[PDB]
Each structure stands twice: as structure tokens, then as C-alpha cells.
Amino acid sequence: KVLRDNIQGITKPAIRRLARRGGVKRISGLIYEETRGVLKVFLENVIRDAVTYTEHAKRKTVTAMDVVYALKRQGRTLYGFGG
Amino acid sequence: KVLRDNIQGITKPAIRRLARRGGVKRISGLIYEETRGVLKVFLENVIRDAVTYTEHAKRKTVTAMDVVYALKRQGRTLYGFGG
Amino acid sequence: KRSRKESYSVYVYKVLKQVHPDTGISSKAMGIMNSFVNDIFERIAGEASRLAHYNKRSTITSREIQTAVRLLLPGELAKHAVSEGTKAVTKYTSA
Amino acid sequence: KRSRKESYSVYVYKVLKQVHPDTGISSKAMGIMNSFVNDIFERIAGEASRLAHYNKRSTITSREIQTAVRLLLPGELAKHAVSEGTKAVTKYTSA
Amino acid sequence: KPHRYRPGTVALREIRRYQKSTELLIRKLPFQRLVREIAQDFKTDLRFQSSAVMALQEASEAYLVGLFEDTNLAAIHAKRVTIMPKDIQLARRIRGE
Amino acid sequence: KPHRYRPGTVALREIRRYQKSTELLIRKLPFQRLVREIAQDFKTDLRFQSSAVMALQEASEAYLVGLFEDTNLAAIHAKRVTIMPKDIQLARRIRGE
Amino acid sequence: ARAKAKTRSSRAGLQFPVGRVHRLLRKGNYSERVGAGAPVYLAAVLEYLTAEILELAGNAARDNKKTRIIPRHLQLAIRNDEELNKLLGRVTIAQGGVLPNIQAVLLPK
Amino acid sequence: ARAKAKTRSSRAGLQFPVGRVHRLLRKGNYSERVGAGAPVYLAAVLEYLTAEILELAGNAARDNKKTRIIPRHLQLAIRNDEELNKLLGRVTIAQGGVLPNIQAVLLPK
DNA sequence: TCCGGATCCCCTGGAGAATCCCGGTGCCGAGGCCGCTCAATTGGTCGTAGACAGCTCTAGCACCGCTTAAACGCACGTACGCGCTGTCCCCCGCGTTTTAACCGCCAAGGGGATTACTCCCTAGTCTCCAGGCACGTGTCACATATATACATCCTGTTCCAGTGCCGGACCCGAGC
DNA sequence: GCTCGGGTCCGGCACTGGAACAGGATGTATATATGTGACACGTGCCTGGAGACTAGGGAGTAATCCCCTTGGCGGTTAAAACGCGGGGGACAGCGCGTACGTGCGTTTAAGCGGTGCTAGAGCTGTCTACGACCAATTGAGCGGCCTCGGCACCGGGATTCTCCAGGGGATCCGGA
């Protein structure tokens, strides 16, 4: 029922692919865990606002609308899911 | 009234003073030119917004209030001017 | 049935057929278009409400709409925008 | 003959006296506080408007105000602010 | 002799390959596990629409790739080609978090 | 033989001085002259409230000083103590202007 | 004895709905009182914005020899226009990717 | 014949005006209707924020041995608190100055 | 020292290999058609917000006259970027093994969403009043000046260890 | 074989390079004195906030249903993960040459005080253009469905990129 470690699910090759999309051709070995950390921070920051939007709506299921609102409040507004 | 060359009106030691407030220990001699340019661009943007606000306001005088608006919609809010 | 849900699909479809009669759209692209147009709409409407509150005017009018699009949209896009809006106002005024 | 401009100098001066009877204030610092209270008030009010807009509520209530307080204010500021506002609205309810 | 490319040539090839392409780079179900894991830390037993998870996933990859191109610029600015965690620490401090 | 401080000592002293002080580092008259000059290019016959000029003044020192700690972070990141124009261009491009 | 029900979008000669945008401004709570010409202006502006973005996307798609526009085409269109990039710097396109760009020092000699 | 005049801020027991904030929200056009407890809650959270920033200004001023608060003291208060910095990252205070901050590599030896 | 062979660096060519390009094919979202319905339309009314006229006064604009603060500028100097080199080691390329991602398929049920209802609250209007704002006044908190007091920072001065070398000791060779 | 003298080498000594340390000068703090104006506090007021009552409507709540989400089971493989190497990159050391730092003399231009004008900021009364509110109505816009061709995937051949193994010149070292 509970989950305790899924930050390791963001594997090293996925981070490598993202860095290739960022254009980085050489990645140090110390990058992966701190990118996991900054991912953890960003995810906390967005989903806290998302679940706040949800619980104000008195829902037990989040909407994608709430995720869009959380990103547009944070200054990283998302196109392609509204409506 | 009508002036030409006031980009040099921001003197070099004034830029040194801003750098010392910024904690710069050593400044290249080239620096003052692009700081003058960046200052010109920044003031140009905010003053375009300000004259837009005042021109909508049907005023010939630029007020501080609209300057506060122009900065804060640009994400650079200032406090202490009645805003 | 279901309660009606509003979208901007068909208007953008006429717009595409005016600018490119031959090509089509993906529904993902149309979702981006709805997000875009709603985003720009709320930005300009927020600027409009901001200006109308500032000058102590109880009406929203077109004048601050040119003000808002001129302050928000950059440069040539802004003055082009003022152009089609001005001529659209002229035909709307003349019915 | 003059027309008023309203301000928050009296209230901030009072709450300064309850928190510190023996301290003064400069007027330009009070202008900074005026801008502070107006800026935070407009942020909470606009976010409250968006929350009322999302769930199709035409009435603004204290619940989404409390929601916006969690939304903007981080953590400790949020939980304590929710606490004081909650106890305050309990006294207002009893009043 | 089995062929072997010199280092960086292949890496540049995945740069071109993944920069032309748009398809999603991380595994979606471990991402769903991670977002549920962090989500239950605020409130218990939340339910997710798959579209919401994909959208938040897309926003997450956008945030990462943006800070990646910033740390790429920083690492070049430090006269190097390899990014290191102080480079990205610089990038996060400059951006304002 | 007369006294002469080594390089950087005086610089650190005015660093401490100007960090302690809050007064405006730009002369008011040429700055407002430049403000009138640039504003003339957008609209003729403009007049200025003085407090507007000071408000956009601390806007100018705010934006400048912010780019200067950004430039300081960039410069110390390259193991250097002297800033160059590519440092400011880097800081602006990371900030996205 | 009513006249023929004519539409205000046709009165402007534009395609974006005057009545819908007018209703959204009335119910979006931006003013208590709304002028007649402002939704016409706004609809014209938005229609031109959609027109120019769709022009850029269609030109990119015909460059990419695809006859149906793609989110990738939208991203490549908006990122390659400078003023739209200034407008849309802080937004993310779903399924969009990024500009093809390698830095000069990353290239081999 | 009529109840004696007794304000709503006293009913809340708060110093910030319930009536003024209520009127501002009514003419701020954020909703068509307004709940009674919402401006009370808003005044409460505003007064808590202003309260805590006033103790921060007061003890920062007392460290400088000045009984009247200074914009320099306000800037020192907001920059030395992490959560208020997160609240106030993108605002600059007039005559605020900067924190006393030197990089360690800039120091001698 | 000059000439001739050896050798190394660049210079080139060709093989592998990853990718682009050209059809083939089958597939499923997109566009188009049709039915419905509800929101834009049309018309009239009635109120009211803003444009305009007009007046006032005030703050900005301009000018001038001193009065130094500092900006400019030169000159000499350290120190810092910076480029080369060298050296180590870290991470990409590639191969093999593992594994869980994912499709896809099916069950089940949970709450999202909708409709009906009835009511709690609230916008609105009237009346009245006291709270906050402009105004006036005074007054001590802070700005500034001046005189000490110490911090600190660079640099001359003496100290201490590294080291070459003066003298003794040991070993080696030669003379008796 | 003994003995003695010289040569040479190493231990202590003195010479010398490097570093701890004191001291002076300057800059910053700090203590005391003094004015002054901005903060604080009393005052008139009027108008925005509070009190009473009502109409009604947005919103809470009750029922349902069904759609959407969660759970679980089997297969496959692509993705991950782990190991080897080895070269490319990180990084440190070293010289070096410049490029601001610092310091002092000068120019001047910013700043402050004072004066005069008025352009426009801003307040007030009118009233009219303009637009919210509401009844009738419809046709434009949305939901459902259908068909297909634009496109995703598959497969074969061409093409361009990469990189290392033979030629061409240049340079270096040895021999005459």
C-alpha cells in the first residue's frame, strides 16, 4: 500500500536522454542524485499546490486542470492540456 | 532641453560603485559599456510601459504611480511609492 | 446526452482554411491552440481589468484594450495588432 | 479644499504599538508597508478570484481565502496564518 | 577488429537524435509511482488521472531540460565541456530558487 | 616613502562601505537627463514627477546590483575574480532577457 | 417583425465570436460595465495571432513535408520567431521538443 | 431604538479594518458576491504578516540602536528570513540596500 | 657540416555503419454530415459613467550663482587571466545479462458529475454616527561635527632553520 | 711493518634565505555636543462603515450512475544495469605580460539655494452616448457517428559520417 523509494526509478539513462535533449555531451557521475533531488523539490512544489486545489474542490481525485493551474501559478504554464 | 549623449551620463566610477555594492572585487575596463547598454535597454522597456500607461491616462506628466505599475507587471515590483 | 462543453475548435478551423486551405490539424495541436487562446485572452483581460481599476473607470472600453495589447505584445506585432483591431472597429461601427 | 487619499498608516502604527510600545517609525518605511499590504492584498484577492472561477463559484468565501493562504505563503507562515485567521473567524462567528 | 566510435561522437549522435525527436524520455510508470509516493506525503489515498500525470511529467521534463541548457551554458562559460553539480548549483542560484 | 595599499584592500573597504550604506550611487541630474532623453524618443513634451525619477532610480540600481551578484557568481564559478562582458551576457541569458 | 438574425463577427467581418468573448468578459469579472467595441478588437487581435502562428506552423510542416500540423511544428514555429519567443518564453508546449541546436565548442574540430 | 455602533474589527478583535477590506473586495471585482467571514480572515492574515515583519523590523532596528524603523532595517529583516524571501523574492525596497555579503574567495589568504 | 636515410606527422582512401530516402500497407483520428439546443440576437427601456467645460493651484520647468565632490586622468605597480604542459582518472562506448515496462485484457468499484430541493446568506436600501483623514503644532531622534580610541595592514626588524663550508678526524698512501 | 703526513669528508659553525613579529599610519569606530525637522499627537469633520429588514438566489445537501480510475495477470522485450578500457577532459603548476588598483592633482559639473511661470493635474456640474436588463427566437455551435486517406510502422537500398590503415613531405639524427 505504501511506497518508500521511487526516486531511484528516475534512472541514469533517462537523465542522460534529458541531458542529450539539453545538448550536454559529457555528464559527470555526481549529476544523477542531485538531479533527483531538484526533481524531488520541483515535484513537491507543484503537487502541494495541486492537492491544495484538489482539496478545496472537495475532490478525492486530482484534475489535470489543477495541475495546469499549479504550473501557471509557478510561472511554468503548460499548453496542450487545457480544456 | 534636447540632448544627445547622456549614455555617458552614467559615469564609470558610478558603475564601479554599483559593482562594489554588488560585491565585485575587480572590474574589467570593458564592463562599463555593456552595463550602459543593459541599463539603456532596461530603462527603455520600463519607460515604454510607463509612457503607455500615462498616454492612456491622457496625461503629459509621467507619474510615479504608473512607474510602479510598469515595474510590477514586469516582475520587478518596488515598494514605498504609494503602490 | 452530456452537458455542452465549450471550445475554440471550429473558429481556428476557419482560420486555418483561410490561411492554408489544404492542411489539417491534430487534436493535440488544437488543445495547444485552446490553451494558447485562453491564456492570451486571460492575460489581456487581466491587463484590461488592471487599467480599468487604475484610472477609476467603471467601464471597460477599447481604448485600454489598445493600451493593453501595446504594452504586452512587443513592437511590430503590437502595431500590426492595433491595425487589424482599428479596421475591425471601423467596420463594426459602420455595422 | 482637498480630497482624501486613504492609507494604512494608522493601523500599522497601532499594531506596531501593541507589538512594540517603545519603537518609532519613519514615514517612508510606512510607505513601504502601504505598498506591502496593498500588494499582498491584491495577490490574495486575485488568487481568490481565480479559485472562485475554477469551481464556478460566484461567491467568494473564507475557505478559498484559506486555500490561497496555503497557496502563496510557504509552510510555517501558512500554518500559523491559517491558525490566526481560523481563530479570528471563530470569534467573528460567535459575534 | 570490432568497431568502436571515439567518445563524444555517439553522444553527439544522441544529441541530434533526441533533439529531433519529441517522444518522452523517462519511463512513465516509475514516474507514476514516484508522483504517487510524493503525493501521499501530503494527503492520503489520492487518485490520479493519467492525463494529469502525463502533463505534470511533461512539465517536469521541460523544467529539467531548461536547467540543463542553463548548466550547459555555464559549463562552457567555465571553459569546460562536462557539467558538474556546482554548475547546476550555480544555475539554480542564478534562476532564483 | 608614502603609504600605498595593496590592490583589493581599498576595494573591500568600499565594498563594506556601500553594503552598509543605502544612498543612491548614481548622480541624480545626469540620470534624469538621460531619462528625459530616452523618454523623448517615445513621446514628445513629457514631464516628470521627481518621485517617479527616484522610483525608477532604485529600479535601476536594483536591476544593476542583481546582475552584479549574478555576475559575481559567474566569475567565481570560473575560478576568477575579474568580470568580463561574457559574464554579464551569460547572466542575462540565463535570466532570459 | 424582427430583422434577420445577423452576427457581430460578420459585422466586423472576422471569424472569432464577438458574442462568446463578450459573454466571457461579462462573466470573467474584469469590469462591471463592458463597452461594445472592445470584444471586437480582442477577437480581431486573437484571430490575427492564431492566423500568424498557424502560418508559421504550416510553413514548418510543409518544410517538414507533413500536411497536418503537429505540436512539434508549433514548438519549432514559436521558438524560431523572436517576438513570439518574447511573448511565449515561459510556456511549455506539450509533446513539443526543442530547437535543434548544438554549441560550437561541443562540435569537433 | 437602535443598537449602539460597534465595529466589525472589534468583533474580530483585530486592528485591520473589516469594513474597508470588505468594501475594497466588493469594488475590486474578484467575485460578484462576497462572504462575510472572508474579509475577516483576510484582515487576520494581513495583520499577522504585518505583525511578524514589525517584530523583525523592531529587533533589527534595536540591533542598530535606533528606535525608529528604517527601510534598511526592513530590507535586513526580509532578506534574513528564508520564507519571507520566498514571499518577497522579486520585490525591491526603496533605499533597501543589500545584505553584508562577501564571497569567501574574495577575502585575502 | 652537409647529405642521406629514418621516421613521424599530415594526408588520403576505403570500409563499416548509422541514418535518410523510397515505396508498401494497414490503421485510426480527422473532417464532414446530421440532429439538437441554448446562447447570441433584436428590440426597447432606463439609468448612469464618462467626456467635456471650466477653474484653480501646484509642482515641474527653467535659470542663475556659488561651492565644493568627485570624475577624469596620469603613472607606477602587483596580480590575475590565461595559455601551455603534464598527469591522472572518469565517463562514454560497447557488450552481456537481467528485469520490469508496457500492452492488453478483464473485474470491480469509487467518486465525479449531474439534478432536485430548500434554505442561509447576502446584496441592497435607509438612517445615523464615530473613525480615520487633513491640519496644525511641538519636540526630541537622529544627522552632523569634533575629538579620541582602536583595528588593521603593510612593512621594517629580528629570529630561526637550511645549508655551504672551516676545521678536525679518519683513511690512504708514501717514506723510513 | 710502523709511522707520519696529506687528502678528503663530515660535523658544527657561520652565512644566508625565509618567517614570525612589532610598529606606525591610516581608516574606521565611538563618545560627546548640538540643532532641527519629521514624527507624533491633539482637533474638526464627514462619510464611509455599521444596524435593521427583505428578496431572492447561490450554494449546501440528497440520489444515482456510470464512467473513469484502480487492481491484477500474462508475455516480451527494450530498457536498464553492470563491467572494461582508454582516451579525452578536468585540473593543477608555472611563466608572463598586461590591466586595472591605487594614489594624487585637476576640472568641472552635480548639488543646493533661491526665484519666477505656467502647463497641466486635478476637482466639479451637465448631460448625453452608451450600454446593462429582459422577452422571443432562432441558427450557430456542440455531441454523435462514419468514412478514409494521412500517416505510423515495415522493409530495402543509398547516402553520408567516422575512423583507422596505407602514401607524401618534413624533419631529425647519424655517417662520411
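For each chain, numbering begins from 1 and proceeds through the sequence as written. The entry may number the same residues differently, and residues missing coordinates are not shown. Here chains are named by letter from A upward and ligands by number from 1 upward, in the order in which they appear as written. Where side-chain values are given, they derive from all heavy atoms of the structure, hydrogens and water being excluded.

Listed as the method for this PDB entry is cryo-EM; the listed resolution is 4.6 Å.

> Help me understand the protein's contact with DNA strand I in this model?
The criterion for a residue being near a molecule or strand is simple. One of its heavy atoms has to lie within 4 Å of it. Close to DNA strand I lie 85 residues; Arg16 and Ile27 of chain A, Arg17 of chain B, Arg36 of chain F together with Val34 of chain H are nearest. Backbone atoms, meaning sugar and phosphate, form 95% of the atoms of DNA strand I found within 4 Å of the protein. What qualifies as a polar contact is a pair of N or O atoms within 3.5 Å, subject to a donor-acceptor requirement within protein and to the restriction that residues adjacent in sequence count only when both atoms come from side chains. Within the side chain of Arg17 of chain B, an N or O atom sits 2.3 Å from a phosphate oxygen of DNA strand I. Backbone polar atom of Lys6 of chain G to a phosphate oxygen of DNA strand I: 2.7 Å apart, as the coordinates give it. Strands here are runs of E lasting at least two residues and helices are runs of H or I lasting at least four, both read from the DSSP assignment and numbered beginning at the N terminus. With five residues, helix α1 (residues 9–20) of chain E is the single largest residue contributor to the surface near DNA strand I. Here the residues of the surface near DNA strand I are counted per class, giving 21 nonpolar, 21 polar and 43 charged. Three classes are used: nonpolar for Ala, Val, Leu, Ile, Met, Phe, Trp, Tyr, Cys and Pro, charged for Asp, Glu, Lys and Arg, and polar for all others, with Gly counted as polar.

> What should I look at first to understand the interface of chain C and chain G in this one?
Size of an interface, as often reported, equals the accessible area lost when the parts are brought together. Contacts are assigned to residue pairs with any non-hydrogen atoms lying within 4.5 Å of each other. Contact residues are listed per partner, giving 54 residues for chain C and 52 residues for chain G. A simple way to read buried area is as the amount of 1.4 Å-probe accessible surface that goes missing from two parts once joined, with both sides added. Note on chain C versus chain G: buried area summed over both sides is about 4800 Å², and carbon and sulfur give 72% of it. Counting the surface chain C buries against chain G, the share from its top three residues, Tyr11, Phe41 and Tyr92 of chain C, is 15%. In the sections that follow, a salt bridge refers to a side-chain nitrogen of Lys or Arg positioned within 4 Å of a carboxyl oxygen of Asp or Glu. Inspection of the chain C/chain G interface yields one salt bridge. Secondary structure elements with two or more residues in the side of chain C that touches chain G: α1 (9–19), β1 (24–25), α2 (27–54), β2 (59–60), α3 (62–72) and α4 (75–93) of chain C.

> Which parts of the structure should I look at to understand the protein's contact with DNA strand J?
By nearness alone, 86 residues border DNA strand J, and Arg6 of chain E, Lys20 of chain F, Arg33 and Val34 of chain G together with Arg11 of chain H come closest of all. Sugar and phosphate atoms represent 91% of those atoms of DNA strand J found within 4 Å of the protein. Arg4 of chain F is positioned such that a nitrogen or oxygen atom in its side chain is 2.4 Å from a base oxygen of DNA strand J. Between DNA strand J and the protein, one listed contact pairs a phosphate oxygen with a side-chain N or O atom of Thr67 of chain G at 3.1 Å.

> Whenever I open this one, the packing of helix α2 (residues 18–27) of chain G against helix α3 (residues 37–63) of chain G confuses me. Can you help?
Pairs of packed helices are described in terms of their axes, by the angle between the two and the distance that separates them. Residue and element names in this part refer to chain G. Angles run from 0 to 180 degrees between N-to-C directions of axes, and those axes are lines fitted to C-alpha atoms, restricted for helices to the stretch in contact. Axis separation between α2 and α3 bottoms out at 9 Å; the angle between their running directions is 115°. Classified by the interaxial angle, the pair formed by α2 and α3 is roughly perpendicular. Relative to α3, α2 is oriented so that their crossing is right-handed. Packed against α2, whose contacting residues are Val18, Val21 and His22, the element α3 presents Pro39, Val40 and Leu42 at the interface. When describing relative orientation, an angle under 35 degrees is termed roughly parallel and one over 145 degrees roughly antiparallel, while 65 to 115 degrees is termed roughly perpendicular and anything else oblique. By the definition used in this description, the sense in which the near helix is turned from the far one sets the handedness, with an anticlockwise turn below a right angle giving left-handed and a clockwise turn giving right-handed.

> I'm lost on the interface of chain D and chain A in this one. Help?
Taken together, the 10 residues of chain D in the interface contact nine residues of chain A. For the chain D face of the interface with chain A, the top three residues by lost area are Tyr54, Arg63 and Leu71 of chain D, together amounting to 53%. For the interface between chain D and chain A, the tally reads zero salt bridges. On inspection of chain D and its partner chain A, the count reaches three residue pairs in polar contact. Of all the elements in the fold, those that place two or more residues in the side of chain D that touches chain A are α2 (27–54) and α3 (62–72) of chain D. Sorting elements by how many residues they give to the side of chain D that touches chain A places α3 of chain D first, with five residues.

> Just to check I follow, could you spell out the pattern of salt bridges for this structure?
Between side chains of opposite charge, pairing is possible as soon as their charged atoms come close. If you walk through the whole model with that rule in mind, you get 19 salt bridges over all chains. A salt bridge links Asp39 of chain C to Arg43 of chain C; its shortest N-O distance comes to 3.4 Å. Here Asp39 of chain C pairs with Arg43 of chain C, and both are found in helix α2, just four residues apart, close to one helical turn. If you follow the salt bridges from partner to partner, you end up with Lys40, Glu44 and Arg48 of chain B in one network.

> So what exactly am I meant to see when it comes to the packing of aromatic side chains here?
In this analysis, rings of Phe, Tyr and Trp, with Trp reduced to its six-membered ring, are considered paired at centre separations within 6.5 Å, and the interplanar angle assigns stacked below 30 degrees, edge-to-face beyond 60, and tilted for intermediate values. Taken as a whole and judged by the stated rule, the model has 12 aromatic pairs over all chains. Plain terms: the ring middles of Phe42 of chain A and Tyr63 of chain E are 3.9 Å apart, the flat faces sit at 20° to each other, and that makes the pair stacked. Linking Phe42 of chain A in helix α2 (residues 31–56) with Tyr63 of chain E in helix α3 (residues 50–77), this pair reaches from one chain into another. For each residue, the accessible area found with a 1.4 Å probe, counting protein chains only, is set against the maximum for its type, and the residue is called buried under 20%, exposed over 50%, and partly exposed in between. By relative accessible area, which is 5% here, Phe42 of chain A ends up buried. Judged by relative accessible area, which is 5%, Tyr63 of chain E ranks as buried.

> Honestly, the nonpolar core in this entry has me stumped. Any pointers?
If you look at soluble globular proteins, the nonpolar side chains tend to sit buried side by side. One finds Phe36, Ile44 and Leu73 of chain C together with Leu87 of chain G to be the most contacted residues of the largest nonpolar core, which totals 58 residues. Those residues in contact with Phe36 of chain C that lie beyond four places of it in its chain are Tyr79 of chain A together with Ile53, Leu87 and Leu88 of chain G. Buried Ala, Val, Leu, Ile, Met, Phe, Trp, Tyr and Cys residues form a nonpolar core when they are joined through side-chain atoms within 4.5 Å. The next biggest cluster of nonpolar side chains, apart from the first, holds 52 residues, and it includes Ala45 of chain D together with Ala51, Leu87 and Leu88 of chain H.

> Just to check I follow, could you spell out helix α1 (residues 9–20) of chain F for this structure?
Given 3.6 residues to a turn, an α-helix orients residues that are three or four positions apart in the same direction. Each helix should span, by expectation, one fewer than its residue count multiplied by 1.5 Å. Along its 12 residues, α1 of chain F runs 17 Å from first to last C-alpha, staying within 8% of the 16 Å computed at 1.5 Å per residue. Among the residues of α1 of chain F, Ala11, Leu12, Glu14, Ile15, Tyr18 and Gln19 of chain F are the ones counted as buried. Buried residues of α1 of chain F, viewed axially, fall in a sector of 165°; they line one side. Where α1 of chain F is buried, its residues meet α1 (12–21) of chain B together with α4 (71–79) of chain H. Taken from the helix axis, the directions to the C-beta atoms give the arc we talk about.

> Help me understand the packing of α3 of chain E against helix α4 (residues 85–95) of chain F, please; the structure alone is not making it clear to me.
Where α3 of chain E contacts α4 of chain F, the axes come no closer than 10 Å and their chain directions differ by 170°. Taken together, the axis directions place α3 of chain E and α4 of chain F in an arrangement best described as roughly antiparallel. Note on element contacts: α4 of chain F touches α3 of chain E through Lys86, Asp87, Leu90, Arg93 and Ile94 of chain F, opposite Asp70, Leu73, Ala74 and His77 of chain E.

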